[PDB]
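*Asks:* Structure: upload_14.cif, mmCIF, C-alpha atoms.
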```cif
data_model
#
loop_
_atom_site.group_PDB
_atom_site.id
_atom_site.type_symbol
_atom_site.label_atom_id
_atom_site.label_comp_id
_atom_site.auth_asym_id
_atom_site.auth_seq_id
_atom_site.Cartn_x
_atom_site.Cartn_y
_atom_site.Cartn_z
ATOM 1 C CA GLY A 1 -45.864 -14.417 43.757
ATOM 2 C CA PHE A 2 -46.321 -12.063 40.829
ATOM 3 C CA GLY A 3 -46.555 -14.203 37.715
ATOM 4 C CA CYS A 4 -45.624 -17.760 38.611
ATOM 5 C CA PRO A 5 -46.190 -20.438 38.272
ATOM 6 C CA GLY A 6 -45.043 -20.366 34.665
ATOM 7 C CA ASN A 7 -43.622 -16.861 34.810
ATOM 8 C CA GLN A 8 -40.056 -16.523 36.035
ATOM 9 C CA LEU A 9 -39.315 -13.635 33.704
ATOM 10 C CA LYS A 10 -42.242 -11.745 35.183
ATOM 11 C CA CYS A 11 -40.476 -11.890 38.527
ATOM 12 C CA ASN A 12 -37.321 -10.498 36.967
ATOM 13 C CA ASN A 13 -39.212 -7.765 35.156
ATOM 14 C CA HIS A 14 -41.201 -7.094 38.305
ATOM 15 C CA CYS A 15 -37.999 -6.984 40.320
ATOM 16 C CA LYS A 16 -36.545 -4.681 37.692
ATOM 17 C CA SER A 17 -39.655 -2.528 37.824
ATOM 18 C CA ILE A 18 -39.660 -2.409 41.607
ATOM 19 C CA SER A 19 -35.940 -1.907 42.095
ATOM 20 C CA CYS A 20 -33.811 -5.022 41.788
ATOM 21 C CA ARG A 21 -31.755 -7.028 39.323
ATOM 22 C CA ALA A 22 -33.489 -10.372 38.948
ATOM 23 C CA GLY A 23 -35.677 -12.594 41.093
ATOM 24 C CA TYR A 24 -37.153 -16.074 40.922
ATOM 25 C CA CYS A 25 -40.069 -18.238 41.987
ATOM 26 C CA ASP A 26 -39.361 -20.078 45.218
ATOM 27 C CA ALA A 27 -38.109 -23.297 43.671
ATOM 28 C CA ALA A 28 -38.722 -24.708 47.130
ATOM 29 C CA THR A 29 -42.390 -23.802 46.906
ATOM 30 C CA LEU A 30 -43.112 -25.466 43.585
ATOM 31 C CA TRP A 31 -42.368 -22.126 41.967
ATOM 32 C CA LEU A 32 -45.270 -19.936 43.017
ATOM 33 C CA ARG A 33 -43.928 -16.875 44.795
ATOM 34 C CA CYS A 34 -41.962 -14.098 43.137
ATOM 35 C CA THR A 35 -38.824 -13.374 45.127
ATOM 36 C CA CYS A 36 -36.308 -10.694 44.224
ATOM 37 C CA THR A 37 -32.567 -11.272 44.210
ATOM 38 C CA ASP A 38 -29.658 -8.926 43.609
ATOM 39 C CA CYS A 39 -30.623 -5.273 43.823
ATOM 40 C CA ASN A 40 -28.763 -2.069 43.046
ATOM 41 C CA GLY A 41 -29.845 0.257 45.829
ATOM 42 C CA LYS A 42 -27.476 0.126 48.778
ATOM 43 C CA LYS A 43 -25.354 2.985 50.061
#
```
Any chance you could put this one into structure tokens?
*Replies:*
Amino acid sequence: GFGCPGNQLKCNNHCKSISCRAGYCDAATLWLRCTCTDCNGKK
């Protein structure tokens, strides 16, 4: 991911730093990855 496990805010900040709104750690992967959800960069 990019912070997890034990770093869900790091994914949001990382998603906000990259170009998104807020992400989350694959809750289906025991929270490890750092996915990005909702982004403001389309058309």
*Asks:* Between CA of residue 25 in chain A and CA of residue 43 in chain A, what distance in Å does the model show, to one decimal?
*Replies:*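 Answer for the CA of residue 25 in chain A to CA of residue 43 in chain A separation: 27.1 Å.
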*Asks:* Calculate how many Å separate CA of residue 41 in chain A from CA of residue 6 in chain A, rounding to one decimal.
*Replies:*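 Computing the Euclidean distance for CA of residue 41 in chain A and CA of residue 6 in chain A yields 27.9 Å.
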*Asks:* Taking the file above as input, evaluate the PyMOL selection byres ((chain A and resi 36) around 9) and report the hits as a PyMOL selection string.
*Replies:* chain A and resi 11-12+14-16+20-25+34-35+37-39
*Asks:* CA of residue 28 in chain A and CA of residue 10 in chain A, how far apart in Å?
*Replies:*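 Between CA of residue 10 in chain A and CA of residue 28 in chain A the gap is 18.0 Å.
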